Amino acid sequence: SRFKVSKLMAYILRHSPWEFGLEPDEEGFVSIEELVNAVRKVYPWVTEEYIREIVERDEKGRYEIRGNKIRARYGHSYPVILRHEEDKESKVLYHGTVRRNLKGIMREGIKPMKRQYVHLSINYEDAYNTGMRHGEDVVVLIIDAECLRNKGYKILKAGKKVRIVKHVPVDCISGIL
């Protein structure tokens, strides 16, 4: 199914490409032809046309293809430089987290998990669902994106709803939901 093959694609492209004999470049891209060969180790019926279709139909914009290169647009656990197009229009973004993190966030802002980027969403519901990954007692921070930009932080369009930024200072957090 597209779900099973996309879940593997995301694991290879975000977390363990070397296990599959792939070497990402500095921007996270691998050969899409080599990716097909890697995925066929698990799902031998997959084709390049199928992987391209998964990319086109993905509801979050998880993937990006340029020529023969494919990458995950976000969520890597290894170093990548992601020169995505800047989100210049959003005025408010959201960050889902768990209540036990409020004390540190209100002291030093939102920090990336050594991940280079903090993840935000244009939608409250998506941020809530992301926060659920770290526990049950989820809260959603309202982020003043214009304030963020004014401080010099570039906010990048990483997915259809996901936005990435280096750091969110405390004074850019306008509310808790």
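By rigid core we mean the largest C-alpha set that fits within 1.5 Å across both forms. All residue numbers refer to positions in the sequence shown, first residue = 1.
Root-mean-square C-alpha deviation from the shown form, taken over all structures in 4 other deposited structures of this protein superposed by the rigid core, is larger for 112-120 than for the alternative among 112-120 and 137-145. Comparing 126-134 with 46-54, the stretch with the higher mean C-alpha B-factor in the PDB entry is 126-134. Stretches 5-13 and 157-165 differ in mean C-alpha B factor, with the higher average recorded for 157-165. The PDB entry gives the largest Cα B-factor of the residues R66, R149, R40, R62 to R149. Looking only at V98, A72, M106, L93, the residue with the top Cα B factor in the deposited structure is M106. The deposited CA B-factor of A145 belongs to the middle third of values across its chain.
When all modelled residues of the chain are sorted by CA temperature factor, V118 is found within the lowest third. When the modelled residues of the chain are ordered by their C-alpha B factor, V170 lands in the highest third.
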